[PDB]
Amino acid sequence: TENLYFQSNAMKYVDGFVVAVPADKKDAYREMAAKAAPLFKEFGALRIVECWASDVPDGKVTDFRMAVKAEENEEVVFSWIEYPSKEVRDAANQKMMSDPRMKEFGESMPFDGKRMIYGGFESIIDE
């Protein structure tokens, strides 16, 4: 529910992900993320959001499909995880990597890990 104190103060750091996912694997992907999400929260994540292409324009210089070298059978996913600080983000990711829960239902990735793009970013505007 809306809470202006949490809204104002909670997030300071974001891990952003852009993924190419086979279109027929939408459900598999959603299920994987639904399994991962509570784990990230356990480790200090504030929120995990995964968004499936709806209206993604094609360009000649750059575009979201070019960014993940998307193949004809694939759709672009735009996703992120919100954290209270870089330090919590770092701790969470280290934990995730040492968790057998994501060793299992996590190594069956319904997408090409090589083409995923990823980075940590500091919040500069959040309104």
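Residues carry their position along the shown sequence, with the first being 1.
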query	finding
Higher-B stretch (mean Cα B-factor, as the entry records it), 3-11 or 117-125	3-11
59-67 set against 28-36, stretch whose average Cα temperature factor tops the other in the entry	28-36
Chain thirds of CA B-factor: placement of residue 20	middle
Third of the chain's Cα B-factor distribution that residue 72 belongs to, per the entry	highest
Modelled-residue ranking by C-alpha temperature factor, third containing residue 101	highest
